[PDB]
Amino acid sequence: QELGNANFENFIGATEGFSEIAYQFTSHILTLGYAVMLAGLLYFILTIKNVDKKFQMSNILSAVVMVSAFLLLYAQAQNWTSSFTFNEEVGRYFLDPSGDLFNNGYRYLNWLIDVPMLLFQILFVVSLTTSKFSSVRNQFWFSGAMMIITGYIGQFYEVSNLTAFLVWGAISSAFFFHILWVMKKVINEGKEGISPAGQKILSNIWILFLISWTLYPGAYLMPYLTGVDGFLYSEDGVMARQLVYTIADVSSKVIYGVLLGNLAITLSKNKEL
Amino acid sequence: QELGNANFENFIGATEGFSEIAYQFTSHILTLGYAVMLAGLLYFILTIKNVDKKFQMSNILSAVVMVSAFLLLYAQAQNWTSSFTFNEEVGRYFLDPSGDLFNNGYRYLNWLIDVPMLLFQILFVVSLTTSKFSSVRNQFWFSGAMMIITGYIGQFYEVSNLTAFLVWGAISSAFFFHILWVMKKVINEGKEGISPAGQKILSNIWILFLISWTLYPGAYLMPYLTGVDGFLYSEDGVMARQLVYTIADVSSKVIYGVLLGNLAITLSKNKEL
Amino acid sequence: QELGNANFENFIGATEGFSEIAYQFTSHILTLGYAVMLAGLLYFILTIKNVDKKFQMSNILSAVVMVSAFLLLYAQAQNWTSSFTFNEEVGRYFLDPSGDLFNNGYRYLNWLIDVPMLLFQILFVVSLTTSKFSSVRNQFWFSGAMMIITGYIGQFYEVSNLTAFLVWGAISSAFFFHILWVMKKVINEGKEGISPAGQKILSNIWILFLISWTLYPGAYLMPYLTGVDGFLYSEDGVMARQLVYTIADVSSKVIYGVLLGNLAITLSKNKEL
Amino acid sequence: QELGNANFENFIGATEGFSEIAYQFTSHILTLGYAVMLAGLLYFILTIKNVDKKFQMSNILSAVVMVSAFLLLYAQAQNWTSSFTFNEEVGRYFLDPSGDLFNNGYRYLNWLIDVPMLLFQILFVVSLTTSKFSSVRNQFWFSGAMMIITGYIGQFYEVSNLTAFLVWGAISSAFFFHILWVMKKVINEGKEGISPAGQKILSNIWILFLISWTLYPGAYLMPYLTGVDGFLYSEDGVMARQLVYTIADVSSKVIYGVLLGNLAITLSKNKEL
Amino acid sequence: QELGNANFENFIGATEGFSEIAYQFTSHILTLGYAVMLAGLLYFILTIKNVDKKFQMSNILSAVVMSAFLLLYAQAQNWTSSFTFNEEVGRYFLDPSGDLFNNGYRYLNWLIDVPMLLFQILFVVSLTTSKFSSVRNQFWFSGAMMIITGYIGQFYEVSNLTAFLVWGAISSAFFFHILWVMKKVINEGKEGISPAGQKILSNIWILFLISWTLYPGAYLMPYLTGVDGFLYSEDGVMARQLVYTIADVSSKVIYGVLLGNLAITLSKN
Ligand SMILES: *C/C=C(C)/C=C/C=C(C)/C=C/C1=C(C)CCCC1(C)C
Ligand SMILES: *C/C=C(C)/C=C/C=C(C)/C=C/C1=C(C)CCCC1(C)C
Ligand SMILES: *C/C=C(C)/C=C/C=C(C)/C=C/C1=C(C)CCCC1(C)C
Ligand SMILES: *C/C=C(C)/C=C/C=C(C)/C=C/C1=C(C)CCCC1(C)C
Ligand SMILES: *C/C=C(C)/C=C/C=C(C)/C=C/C1=C(C)CCCC1(C)C
Ligand code: NA
Ligand code: NA
Ligand code: NA
Ligand code: NA
Ligand code: NA
């Protein structure tokens with residue numbers, strides 16, 4: 001049938017269908033997703049006053065991101081269950097058109113919140129040295145936006161037009177690398193002046209940042225990571241994608257936020273850990 | 001098909017239908033909408049005590065507006081997905097009558113909250129000089145109400161009666177210009193007596209106000225901005241409208257509120273931003 | 001069609017149906033309704049500590065009422081959209097039986113919360129002189145209950161039995177007049193001892209009270225206010241009713257609560273307006 | 001129709017059906033139910049600091065109970081509307097199987113929270129004299145549990161097996177009487193040492209306790225209180241049941257909690273009424 | 001019918017169906033489940049400042065766990081969606097359009113709960129010989145593996161008894177390790193502290209041991225009376241969800257309460 005510019009999940013769901021395990025796991029992992037976010041929201045709110053006032057905006061922004069992430073992940077969980085329906089006769093879940101096609105694009109647009117805020121918030125914990133606050137912020141926000149928008153466009157074509165898929169992806173990747181560049185600079189400048197304990201944490205933050213953010217373009221490519229008609233162009237690929245997103249989200253948002261708060265505590269004059 | 005006094009989205013949806021991208025993007029952008037608002041709610045609550053007590057009503061009113069905006073944008077997101085349903089055979093989303101017709105009128109009525117409050121709240125940060133508090137407030141609230149109500153009437157006719165559409169629109173525009181007038185006065189009087197830092201922020205606030213508020217009549221006209229049977233009288237026009245609304249909403253509510261809070265901080269005796 | 005003891009909305013919906021504007025406006029105005037209430041909830045919570053401790057129960061009760069009002073108005077909004085469904089062929093919304101008949105009775109029973117609390121709460125701001133606190137409270141609560149319950153019974157018969165409609169209404173009206181009586185007494189005793197500023201506010205409160213509360217029996221009668229087979233026995237009447245309710249609710253609950261809080265501030269030794 | 005071990009509501013709904021008034025009132029009263037609970041939640045949270053720290057657990061437990069009650073009453077409201085559907089032809093609501101059968105059992109199991117907590121909480125306001133805290137608590141909790149569980153079993157048979165109905169009921173009643181016994185003891189010991197104002201309140205609390213708690217076994221029996229084929233074995237009986245539950249719930253939870261808080265205030269060294 | 005790798009609830013629901021009592025009780029007990037969790041959330045938040053600042057992370061983590069609400073709520077809805085009344089025979093049968101019922105929701109949400117529940121005690125007790133990071137890491141790794149292996153197993157609880165039991169066994173191994181470490185922790189926690197505190201830690205260990213053990217009980221539940229036994233039936237379905245609910249309340253709420261009580265005794269102010 002005629003699906004057009006639609007994510008590959010829909011093509012699997014429309015042809016092969018999803019096994020119990022495939023469908024259920026995807027449902028489960030998305031649910032875990034939004035559960036983590038709302039739990040995180042509570043954590044970040046409840047820990048605000050555990051750091052000096054100047055650092056507390058970081059906590060607040062963590063919270064802001066959690067709200068966004070919860071809402072989107074919740075929506076997406078529902079979208080998954082609405083989009084695919086059990087067929088008694090063969091014992092598989094198939095595309096149910098009246099539920100809408102499943103799209104990952106929900107995620108992408110909500111990054112327009114998450115990415116800017118996640119990048120922003122570290123600038124409230126670390127002091128810069130050579131770099132200007134406004135400069136770093138602006139470069140983060142611009143590169144962040146362009147990364148997301150270009151990617152957002154790409155992913156519509158992940159089946160219908162492999163070329164546009166890869167080209168927009170490439171453009172997106174460029175802006176990604178810039179963000180990586182700037183974050184490294186920031187982290188290095190942040191290390192200057194501060195205790196070895198704080199430096200250790202920033203080291204961890206950078207590792208976490210690097211891995212977790214890289215997962216996202218991984219999820220982009222996931223269906224094609226074993227070439228055409230590979231292992232991953234299948235329900236297994238579908239599962240892998242949503243797993244990676246969920247891991248990425250938890251890491252890039254919650255764990256990131258926790259580490260930052262820990263850093264804030266070491267840099268806090270009153271407070272110990 | 002007989003649609004009557006209904007928004008043009010429904011006419012597109014009933015005849016041509018919406019592509020995957022058109023339907024999905026509109027869904028996505030509305031979702032981002034309400035997500036931003038709930039995130040904002042948390043921000044404004046959590047930052048109340050970042051300014052002197054006298055300023056804190058501004059924070060509170062920001063929060064009040066966020067609640068309104070969230071609820072409306074959430075409803076509207078749902079209305080969009082209910083109103084248009086996938087057709088397997090042609091691969092487009094078509095008007096589903098049993099979901100109700102899509103109307104933008106939800107937005108308009110909720111402005112009866114937002115507009116009065118957004119105008120009101122600045123009067124808790126800036127001091128007036130030559131203008132009287134109650135006078136400015138009353139002119140804001142009256143002109144605000146009339147602007148919205150006249151617009152609300154107009155938009156019902158955006159297809160069924162181009163003339164009424166444009167006339168009510170024109171009347172609405174008059175009240176808009178008055179509001180612009182008064183806000184300018186307010187901004188200028190607010191600048192007097194206060195630090196250059198604060199003056200800079202009020203300058204930004206005015207620009208933001210001017211652009212963001214102007215977008216709304218833009219969205220009004222959107223379908224017709226390329227004349228009859230133009231580019232924009234189409235799913236592309238539908239997309240444009242909801243994008244512009246979302247940008248307008250984020251700008252006019254969240255960013256506006258942030259800047260005001262920043263101003264409040266500079267004007268705060270204790271706090272040194 | 002066999003509807004029985006049902007509100008007149010259902011008879012309109014079942015015979016003539018509702019135009020786009022009629023259906024949509026009613027939907028919109030009910031939505032505004034509950035949006036205002038949740039916004040109000042936030043306001044009243046966030047402003048508690050803006051008055052002396054002794055006054056703060058008034059804020060708390062405002063909040064309590066908002067919760068009630070939100071829940072009910074939300075339910076009612078949903079009930080409206082569920083009860084009436086678009087017919088493609090004629091382009092009007094008709095009674096959809098599977099959604100339940102629309103009833104205003106939801107509102108009535110929730111007044112069993114709102115009315116007692118709204119009457120109660122003023123007694124925490126004003127001092128009485130000659131009257132006893134418990135006496136005024138008991139008279140409010142008894143008369144309030146009887147007013148609502150008798151009205152609640154009446155409105156079931158607003159179509160099926162004009163006689164019972166008017167008789168129960170009349171009985172209800174009696175208790176209403178008593179409440180008006182007592183509130184006047186309270187307002188007068190409240191004015192004694194206190195600044196001209198406070199007296200002004202109580203004057204406004206009384207006007208607001210008188211008008212807003214009177215709207216409710218107006219809504220009761222609405223369908224018949226232009227006699228049999230009049231303008232108002234129609235979708236226009238339906239619209240009028242729900243508009244009036246929404247205006248009444250906002251006025252009698254939110255604005256009322258705001259004014260009371262303003263009064264509390266003037267009567268607060270520490271706090272200024 | 002084959003209904004089995006089902007509540008009598010379903011038998012009425014399946015045979016006679018429910019009139020507009022019967023269906024609507026039941027819907028309305030259940031809605032009022034959960035509305036009161038959520039309002040109560042807000043009240044109890046907002047008033048925590050109105051008593052000395054030692055008393056504040058009582059407030060907290062009130063809040064705990066409200067959350068439980070809200071959730072259950074909300075669910076139950078939805079269950080009612082899902083279980084019974086309008087039939088255009090005769091103008092009555094009939095059992096809709098696809099909505100599930102209506103069961104009161106939701107209520108019963110949620111008492112496993114409410115009852116233990118309601119009994120517990122008074123022990124944080126009153127001082128015992130002869131009786132030990134842990135002893136009273138344990139007897140409350142055991143007797144409470146057994147009361148509920150035995151009742152829960154009974155009510156499944158309220159139609160299918162009048163004998164089991166009455167026997168399990170009887171067993172339940174035994175545990176009830178014990179609870180009554182212990183609460184009386186507690187109330188009497190609580191009166192010793194404390195002001196006449198406090199004693200008055202505890203007297204009221206005992207009356208409230210006795211009446212409100214007794215309503216619950218009343219609701220149990222309701223359908224049969226006028227014998228076989230009586231007034232009450234009918235939609236009128238259905239209405240009566242849910243009314244009584246709602247009155248019982250408001251009384252046993254909210255009003256009870258309010259009185260306790262009032263008592264706490266009199267017993268507070270810092271605070272006056 | 002063709003159900004595949006699906007939980008046994010679905011096989012009961014598809015063949016025999018569920019009586020009013022079976023269906024309703026399961027609905028009721030799951031509802032109680034999530035109600036308790038939301039109530040608990042409020043309790044733990046409202047009691048944070050009842051202990052010294054250093055202990056307050058334990059309260060916060062209790063709150064975080066009260067995850068449980070969201071999952072139990074979802075699961076309640078899943079139950080009612082998955083099984084629909086048949087008027088003709090008066091039983092509830094599998095309704096395919098609602099999805100098959102899976103317990104897997106629970107399992108994956110443990111990936112939150114278990115790590116946090118294990119973690120949080122380390123904010124109340126002082127260790128002696130053991131290192132904080134060491135205990136944490138062993139908890140978190142063993143916790144994850146326990147859940148993941150179990151999660152895989154339960155898919156096969158009907159379709160493949162062998163895989164069911166094998167993955168279960170592997171899971172059990174990691175469980176025993178967690179038990180081991182928790183015991184160590186409890187013992188080290190007792191050292192140096194008041195008799196009041198020691199008493200509470202004793203209770204905590206008992207509660208931990210019983211409540212956590214219930215979970216593998218629920219795993220096996222359908223087969224605890226052998227093939228075609230009492231429990232391979234709607235009665236078994238009921239038993240499972242009851243045990244989960246008891247386990248959840250115990251392992252989360254009561255656990256959290258006791259910990260807070262311990263925190264209070266150890267509090268100087
Ligand atoms: C909390 C959400 C976060 C941190 C999202 C991050 C998203 C990215 C780093 C996306 C990167 C992409 C590319 C670099 C290429 C493909 C398109 C994107 C947007 C997925
Ligand atoms: C947060 C919402 C805001 C700030 C809404 C603002 C809305 C307007 C400025 C609407 C203006 C209009 C005209 C000036 C002409 C067409 C009708 C309106 C109401 C869209
Ligand atoms: C917040 C809700 C309020 C203040 C509701 C007030 C309701 C009334 C004053 C109702 C009055 C009525 C009559 C006096 C006659 C008709 C029946 C009633 C109940 C609508
Ligand atoms: C907030 C809920 C409360 C206070 C519930 C109280 C419930 C009872 C006192 C139930 C009593 C029963 C009997 C004594 C006999 C019939 C079975 C019961 C459980 C309804
Ligand atoms: C709050 C949730 C908790 C404490 C969950 C605990 C879960 C377990 C201890 C699960 C244990 C299992 C086995 C040891 C064997 C079968 C598979 C599991 C995961 C159910
Ligand atoms: Na599905
Ligand atoms: Na749709
Ligand atoms: Na509708
Ligand atoms: Na119904
Ligand atoms: Na069902």
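Convention: sequence-line order gives letters A, B, ...; per-chain numbering from 1.
Residues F102(B) and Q24(C) fail the side-chain proximity criterion, which asks for heavy atoms closer than 4.5 Å. When side chains are defined from C-beta on, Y157(B) counts as touching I21(C), because their heavy atoms get closer than 4.5 Å. When side chains are defined from C-beta on, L42(C) does not count as touching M66(B), because their heavy atoms never get closer than 4.5 Å. Considering only heavy atoms from C-beta on, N103(B) stays 4.5 Å or farther from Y23(C) through its side chain. Between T47(C) and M57(B) the shortest side-chain heavy-atom distance falls below 4.5 Å.
Applying the side-chain contact (heavy atoms from CB on, under 4.5 Å) rule to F165(B) yields the partners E158(B), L162(B), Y220(B), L221(B), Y224(B); only residues at least two apart in sequence or on another chain are considered. Every residue meeting the salt bridge (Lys or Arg N to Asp or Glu O under 4.0 Å) condition with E9(B), not counting sequence neighbours, appears here in chain and number order: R241(B). Among residues two or more places apart in sequence or in another chain, the side-chain contact (heavy atoms from CB on, under 4.5 Å) test is passed with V90(B) by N87(B), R92(B), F94(B).
Considering every non-hydrogen atom in both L101(B) and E20(C), the closest pair reads CD2-OE1, 3.2 Å. Across all their heavy atoms, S98(B) and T85(C) have their closest contact at CA-CG2, 4.4 Å. Residues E88(C) and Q1(B) come closest through the heavy atom pair OE2-NE2, 3.0 Å. Residues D100(B) and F84(C) approach most closely at OD1-O, 4.3 Å, considering heavy atoms.
Using a 4.5 Å cut-off between heavy atoms, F25(C) touches chain B through backbone and side chain atoms alike. Residue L112(B) touches chain C through its side chain alone, counting heavy-atom pairs closer than 4.5 Å. For chain C, the nearby part of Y152(B) is the side chain; its heavy atoms alone come within less than 4.5 Å. Both the backbone and the side chain of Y106(B) come within less than 4.5 Å of a heavy atom of chain C.
Per-residue counts of heavy-atom pairs under 4.5 Å with chain C were compared for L109(B), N110(B), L41(B); the largest is that of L109(B). Contact count against chain C (heavy-atom pairs under 4.5 Å) is highest for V64(B) among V64(B), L61(B), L95(B), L72(B).
Heavy-atom contacts from other residues, nucleotides or ligands closer than 6.0 Å to CH2 of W168(B) number 12 or fewer.
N50(C) contributes atom CG, which lies 8.0 Å from atom CD of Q56(B) (distance to the nearest 0.5 angstrom).
Residues of residues 26-37 of chain C lying under 4.5 angstrom from chain B, judged on non-hydrogen atoms, are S27(C), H28(C), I29(C), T31(C), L32(C), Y34(C), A35(C), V36(C) by number.
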### Task
Go through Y74(C) and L71(B) one step at a time and tell me if the side chain to side chain contact (heavy atoms under 4.5 Å, CB included) criterion holds.
CA-CA 11 Å; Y74(C) 188 82; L71(B) 283 180; 5.7 Å; no

